[PDB]
Amino acid sequence: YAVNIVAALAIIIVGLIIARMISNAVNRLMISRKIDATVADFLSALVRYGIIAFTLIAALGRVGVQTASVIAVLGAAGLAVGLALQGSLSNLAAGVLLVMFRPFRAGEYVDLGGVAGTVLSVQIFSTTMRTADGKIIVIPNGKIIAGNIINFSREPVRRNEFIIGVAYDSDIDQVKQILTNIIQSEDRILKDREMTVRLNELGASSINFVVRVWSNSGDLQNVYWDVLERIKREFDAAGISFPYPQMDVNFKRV
Amino acid sequence: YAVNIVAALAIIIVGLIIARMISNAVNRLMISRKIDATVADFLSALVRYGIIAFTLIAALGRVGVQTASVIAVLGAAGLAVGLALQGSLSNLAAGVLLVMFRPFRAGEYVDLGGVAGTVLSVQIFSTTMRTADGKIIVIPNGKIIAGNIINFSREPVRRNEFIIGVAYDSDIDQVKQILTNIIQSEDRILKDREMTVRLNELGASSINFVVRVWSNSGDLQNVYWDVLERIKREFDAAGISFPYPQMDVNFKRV
Amino acid sequence: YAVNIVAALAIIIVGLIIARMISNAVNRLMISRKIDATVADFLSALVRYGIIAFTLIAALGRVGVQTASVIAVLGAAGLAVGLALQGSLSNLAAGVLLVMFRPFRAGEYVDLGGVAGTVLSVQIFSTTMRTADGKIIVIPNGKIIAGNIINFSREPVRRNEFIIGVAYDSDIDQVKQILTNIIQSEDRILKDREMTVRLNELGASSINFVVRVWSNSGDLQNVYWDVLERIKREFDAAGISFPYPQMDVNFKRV
Amino acid sequence: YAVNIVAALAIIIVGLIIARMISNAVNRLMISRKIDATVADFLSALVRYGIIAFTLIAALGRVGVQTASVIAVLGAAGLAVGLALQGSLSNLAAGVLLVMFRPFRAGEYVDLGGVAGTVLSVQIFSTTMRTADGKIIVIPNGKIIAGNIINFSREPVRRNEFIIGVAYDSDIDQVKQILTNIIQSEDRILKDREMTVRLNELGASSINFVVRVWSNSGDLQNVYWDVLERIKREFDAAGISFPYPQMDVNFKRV
Amino acid sequence: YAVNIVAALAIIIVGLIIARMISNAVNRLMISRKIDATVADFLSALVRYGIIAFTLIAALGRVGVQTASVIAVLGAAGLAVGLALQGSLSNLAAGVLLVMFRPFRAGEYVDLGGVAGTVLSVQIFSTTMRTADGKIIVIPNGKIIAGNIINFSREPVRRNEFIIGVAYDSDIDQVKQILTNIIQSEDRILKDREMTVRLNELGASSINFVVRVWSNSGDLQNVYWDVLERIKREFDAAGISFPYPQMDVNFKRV
Amino acid sequence: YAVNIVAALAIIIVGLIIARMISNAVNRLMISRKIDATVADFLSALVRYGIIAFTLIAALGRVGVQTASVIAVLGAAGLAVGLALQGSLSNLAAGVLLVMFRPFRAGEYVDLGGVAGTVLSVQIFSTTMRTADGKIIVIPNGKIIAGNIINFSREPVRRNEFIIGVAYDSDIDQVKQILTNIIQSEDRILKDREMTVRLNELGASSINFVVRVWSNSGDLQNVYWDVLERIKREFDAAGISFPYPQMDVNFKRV
Amino acid sequence: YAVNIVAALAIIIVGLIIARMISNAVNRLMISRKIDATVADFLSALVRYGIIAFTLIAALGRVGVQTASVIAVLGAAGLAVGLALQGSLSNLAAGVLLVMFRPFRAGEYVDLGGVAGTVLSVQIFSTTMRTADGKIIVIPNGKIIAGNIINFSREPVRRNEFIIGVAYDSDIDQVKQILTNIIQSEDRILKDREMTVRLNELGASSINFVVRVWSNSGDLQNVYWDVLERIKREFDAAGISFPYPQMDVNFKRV
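Per the deposited record, determination of this structure is attributed to cryo-EM, with the resolution reported as 3.3 Å.

In structure tokens:
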């Protein structure tokens, strides 16, 4: 009877010294690893309150008090902390998944669901990537894994799609001749792949030719800019008119 | 009383020699399987902390301290890891579902909810597919199973829909005659299927004929381009005018 | 004391032979039914690891070690696999619900929440349906049950709605006379149902008559196309003008 | 010792014969009710595997093996089936709620969050409703309860809102006189309720009068069509002009 | 030994008679209060199956069979019914909270996240409200509590905002004089509150004055209509022009 | 044996009298605090059913239910109530957060994710706030914590941004001179802060100057209105034209 | 027998004095910390009711009444409070994550998914940040972690993108010469990085040159404004016309 009481006080004193030991130990461990001391002491007070809660419940169990009430409420409070940390630990799990199944490496130009940039680093909780215009975007890993990963650096060839609106009076064969001469005289265009120049659309004010052209993934934007400037030059020289928005107006004297 | 004593320490030392050996074993196993050697030791430290937690709880239970507090908090922490890994393990389950119920195979041109490409591979956690313009999209499997799978390589015949806007003054029977001559003289159009040429819409500035035409799944875009170019040529030759946006203007000199 | 040790090793050996024979049996059942070998051996390794986990826990319990730690973590790992498989087993439950409460059968042209096609088959995890333009859409059953099911093959008679924009100067009674003559002389229109021709809207540039017309579900699109072509013909013959977008211009010379 | 073994084999044989008899009984109970046999045999195999799992667990417990691991994993698999059936059983609960608290009955024209039609039947898992244009929409009950229920057949009177755009030069008092004569000479308009004819908006090209008019729920669309046709007739007769889109243009030079 | 068997059959017979009496009593209670019997018989069959399940597994426990596997599956089926009834019970909890914290009473014109109407009644599961145009909307209580409650009947004074577009040629001080004379000569406008007449915006074709004016919550729409009609009258009398959409057109004849 | 019977009937009678006492006390406390007799009687009936459920189970346990059948079902029914209560008391937790972290509690004009107004009161489940146009919006606290809080009375100085579109013929230095004279002669503009007058955009028909100007949080709307009216006055006085939507028009033949 | 009754009353009295002392102690602890007593007494009454509930259940267990029913309902109520506090404790966990993995510090101009401003402080539950236009936005931490963190202060160099629309008649080489002279004569433009001046687009009415220019993060907006004003000045001096929206008008003249 009193043996359970002295055993319970023994559990209390060993639990308090273990609580102070583990609390100060994780204080030292987060001062050494991390930098902050305020939230380190906050988490250390959380762990200290956890160990003294564990040992107070174990002591009230050693006395003989049926202790399942605080067991159920402490389990639901741990489950509260669990459904809280669902997002952060999901970022952790997506991070280890994204570094063991790696669809991008540090330097691969990707498009992670609406933002596109070169991956500077894949950390444990987030990938830092630098945008094309200098912005640093720190995307969490759950937002990456839960969406698509459009990797632009895994295939060495990509495809420019030019859409040229010419007038309806413009001859289809002359436009196709000039566009084929432009995309054939250009050296960075892969000739062994698709080189489509065909009438894509009968537009409202114009008529739209599509020019689908494969090139290297590094020369892609320069092929777009050079073939577009050459299209403008050769079309203005050859008399083919890029039309303005056209209206037919039926005038009426009131 | 002493039977619980150092026999509990025998449990706590038979557990540490299992914890270290299982940590070293999963380090060697994941170095053999998928080398990272930097989050591999983190997962090994997680498994080590789990096994030493199991054996510390079992040793405190063998002594006589009623362990149901750390049991409930460890179960809630396991459920935290569970609701964390909900997304990744749902990708795994959707991957084994997608490879045992396979709606696409490696090479089938599909459309998985807004992105469309040829599936290069269906891995365990993601399908890599190459877009029509060269981009590699690594879609997770839960995002595929949670949405539609529009497969273009399962049926060998598909349907082009042309919408030709002609002027309101143009004769309906002449447009239907010329469009039927275009879709009948074209050989890749399946003649035993639907060949609809009918007045679809009375538009604002135009009047829209629909041309629904069945052709083979490989010949489909070429049928679209050739029949559209032939429509432009034969309509310009026959005098039917594709109209511009039309306005009726009632000018008022003020 | 040692009786529990030899009993624990007995549970160990019967569990290892059970872990071999159940894994071999599910390899048999997955090679015969739903044929695959790689992910079938993956699932077999999962079932083998599960059975050896069950029997290692049972052996450590039969020895005398309080084993509730791995019980709670294994229950939370089962709950991890459960909240993972939530989506796939919800597709399973929605599939058996969709086939025992069947709102569509194999062949019924439906509209399952933004995609519309004829249901080729209702499988256990997904309905395959062929779109009107040849595409095969494999919709999961949870996405079908969680949204509406617009069935076009359940009523034999449906309703075309024409909206004819005529000019503001056109006589309302002449337009109603001509539209009623068109929808009365057409034989596939159900005359015993609603045949509405009334002035629907005072539009911006036009004035919109509505023509609500009931006809059979197979003849519906042909009734639409024939009555629309007849509307264009008879309105052009009778002098009623479908107007262009109208502007009133008050020009004032700066 | 061996008494527990023969008792365990007794539980094994009574559970196997109970599993076979209850699988045959649930097969009869489904084939009499829902006359699909394939998914009936699937659910029967599920119930058979569940009861033989129950009795294998009970036998391994009666032998003396601590059968807590398979109980925890089986409870988590029951929770897998539970979070799976969350959607379908939520449709069931919303169906019994929607038929015991019934905001619509079979025949009542409603608008269940988007789609709008007359409810043909409220079943247990879904309400079938027929749209105004003939389409059958089978809406699940959770989608109905989770959204608004805009019931049109609960109140016998409703309100038409005409918006008449007249020119800026038109006299406000003459428009209000003519609109009040139109909405007063019409007999299906409830005269004891609100009859608003007032200047609602100073539009861009027009000026918008609102006409808010109460009438019976069956006469509502006919009141709209007749008062709109009368508005067009009397406004064209009295010289009030529904204006086209108006532009003030300041002409300039090159 | 046989004492447990006769005790188990005793629990069987008392549980079957309690199951029949509670099933028939719940059926009678759902007849006298919930007149529909087609789902009352189903709910009573559910309660009957539940009580016979409880007493069958209680008798299987009283025999001596370790029964804690069907306890886990039954407690997961109860949690299936729980996560099913999550929506309906959330409507019940939001209803009792919406009637003990009442932000609207029966008759108060509100806007419950989108739809807006006068609350006819707040029931336990839904608030019925009549729209301004006669429609009856039965909003569930979880959708009300989860969103905003814009109550228009809690403050007796509200604010009209007129936005008058005048021409750029119009004098600012004359427009402000006429608008201030209109909003000062009007008696239902609260003169002790804000009366703003100031230049709000330099629009594309016009220039927009804002007139923010406080008036009583019942007189608000009539103040809007009377001040807008007076603005049109006084501005047409004073020569200030409400401008049409303006274009500056540069002639480029060739 | 019969001692457990008389003890069970003792538990029955003490539980029934405690049920009546606690239900009467809860009805007293609810008719004192949160007065509504109908739903307080409903909640007291729920608490009465709960206490008679607890005591019927606790009495029938010793003569019966054999380790937690009805307890395992009642715990899941408690969690059924608990998911409803998590949806509702997420507002209570957010309310005690919103009071102990005090982001707007005094009456500060804020913008709580969309709607914006002066906070009338922060209650326990909702913040009532009065909009700028008189509407009372009762936002729940979970909707506030789940979104941003844009507090306008936390910083005493804020920023007006004028965007002035002038013509392309306007001299940039003259526009910058006049705008700097307007924003320098105005006394409520903070001159020690940013005063930006620079060419923001080359518009389609205009050219847009940005005027970023810091002023006090009370004087800000009056600074906007006064500087905008002064911009219109001085720009019309100095010959700088606010352009209409310009449109170069190239004439053609029929 | 009576020893359990006097022990139960002992637990009752020690739990009541412990409940009063912990309730008043957390009143004192919060009044020292956060000095709203009105919710401090609310939380203190919650903790008092929790401790008296724990000790009432412990006393009913020490008497001998099987008390697992209220254990299950109290655990489900703890899970109700936990899943209610899910969002608040997720903000807490995201706050300690955001301060131990800090992607922004106090002062770093960021864009936290939409809103963008300089982070004034990162607290435990929210980050306060001041917008560029003076507004104070208190973003919760879970909303920050759940989205991207676009940090503008981590890289010292960023990129302006000018899009200059010139006329179609303008010479491409003259525009590229003038734009290269502007972006080369400007000193704050980083010349060792990308300096792109190339033909980006053939627009509808214009033709769009892109000018991608790298400059320091503090000089970025001033580089944009200075190069845009210089583009307007030098282009008007050199005769290059920024075109208005262009229409081609075909006179039909009825």
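(A) Spotlight on the sheet that holds strand β7 (residues 195-201) of chain C. Taken together, the 3 strands give an open sheet; going across it, the order is β6-β8-β7 (chain C), and neighbouring strands pair in antiparallel fashion. A single partner strand is all that each edge strand has here, and the edge strands are β6 (157-166) and β7 of chain C. Direction aside, the axes of adjacent strands within the sheet are offset by 20° on average. Both β7 of chain C and strand β8 (residues 207-216) of chain C contribute to a ladder of 6 bridges, which runs antiparallel. Its bridge partner lying in β8 of chain C, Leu 199 of chain C is registered against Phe 209 of chain C. The strands touched by helix α7 (residues 220-238) of chain D within the sheet are β7 and β8 of chain C, with β7 of chain C carrying the most contacts at an inclination of about 55°.

(B) Structural context of the packing of aromatic side chains. As enumerated under the stated definition, the model contains 49 aromatic pairs over all chains in all. Between the aromatic rings of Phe 101 of chain A and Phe 125 of chain B, the centroid separation amounts to 5.0 Å while the plane-to-plane angle is 40°, which identifies the pairing as tilted. Note that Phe 101 of chain A is positioned in the loop between α4 (86-100) and β1 (109-111) and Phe 125 of chain B in the loop between β2 (116-122) and β3 (126-131), a pairing that runs across two chains. Residue classification places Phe 125 of chain B among the buried residues on the basis of a relative accessible area of 13%. Geometrically, the ring pair formed by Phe 235 of chain C and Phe 242 of chain C is stacked, given 5.5 Å between the ring centres and 5° between the ring planes. The same class applies to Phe 235 of chain C and to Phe 242 of chain C, which are both buried.

(C) The interface of chain G and chain F, seen in detail. Counting from both sides, the interface comprises 58 residues of chain G and, opposite them, 62 residues of chain F. Summed over both partners, the interface of chain G with chain F comes to about 5700 Å²; 62% of that surface belongs to carbon and sulfur atoms. Among the residues chain G hides against chain F, the three largest losses belong to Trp 225, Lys 232 and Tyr 244 of chain G. Together they make up 13% of the total. Where chain G packs against chain F, one counts 3 salt bridges. For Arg 198 of chain F, the salt bridge goes to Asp 226 of chain G, with nearest N and O atoms at 2.6 Å. Where chain G meets chain F, there are 16 residue pairs in polar contact. If you tally residues by element for the side of chain G that touches chain F, the top one is helix α7 (residues 220-238) of chain G, at 11 residues. A per-class count over the side of chain G that touches chain F returns 33 nonpolar, 11 polar and 14 charged. Looking at chain direction, strand β5 (residues 150-151) of chain F and strand β4 (residues 136-140) of chain G are connected through 2 bridges and run antiparallel. For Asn 151 of chain F, the partnering residue across the bridge sits in β4 of chain G and is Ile 136 of chain G.

(D) Quick look at the nonpolar core. The biggest cluster of nonpolar side chains holds 172 residues, and the ones touching the most others in it are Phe 235 of chain A, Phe 235 of chain B, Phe 235 of chain C, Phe 235 of chain D, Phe 235 of chain E, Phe 235 of chain F together with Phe 235 of chain G. Here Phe 235 of chain G is in contact with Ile 164, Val 166, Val 175, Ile 178, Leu 179, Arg 230, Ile 240 and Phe 242 of chain G, once residues within four sequence places are set aside.

(E) Local environment of the relation of the copies chain G and chain F. It takes a turn of 51° to lay chain G on chain F, together with a shift of 0.0 Å along the axis; the resulting RMSD is 0.7 Å. Comparing interface residues between copies, only 19% of those in chain G also sit at the interface in chain F, which points to a heterologous contact through distinct surfaces.

(F) View of helix α3 (residues 69-84) of chain D. Its 16 residues give α3 of chain D an end-to-end C-alpha distance of 22 Å, which sits within 8% of 22 Å, the value for a rise of 1.5 Å per residue. Along α3 of chain D, the residues that are buried comprise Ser 69, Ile 71, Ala 72, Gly 75, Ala 76, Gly 78, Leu 79, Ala 80, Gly 82, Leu 83 and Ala 84 of chain D. The inward-facing, buried residues of α3 of chain D abut α2 (38-63), α3 (68-84) and α4 (86-100) of chain C, α2 (38-63) and α4 (86-100) of chain D together with α3 (70-84) of chain E.

The rules behind these values
Residues numbered from 1 in each chain as written, not as in the entry; some residues may be left out. Chains lettered and ligands numbered in written order. Heavy atoms only, no water. Pairing = 2+ DSSP bridges. Helix = DSSP H or I, 4+ residues; strand = E, 2+ residues; numbered from the N terminus. Axes fitted to C-alpha atoms, helices over the stretch in contact; angles between N-to-C directions. Contact = heavy atoms within 4.5 Å. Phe/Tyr/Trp six-rings, centres within 6.5 Å; stacked < 30°, edge-to-face > 60°. Buried < 20%, exposed > 50% of the residue type's maximum accessible area, 1.4 Å probe, protein only. Buried area = accessible area lost by both parts, 1.4 Å probe. Salt bridge = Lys/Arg side-chain N within 4 Å of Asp/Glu carboxyl O. Polar contact = N/O pair within 3.5 Å; in protein donor to acceptor, adjacent residues only side chain to side chain. Nonpolar A, V, L, I, M, F, W, Y, C, P; charged D, E, K, R; others polar. Core = buried A, V, L, I, M, F, W, Y, C linked by side-chain atoms within 4.5 Å. Least-squares fit on C-alpha atoms. Expected span 1.5 Å × (residues − 1).

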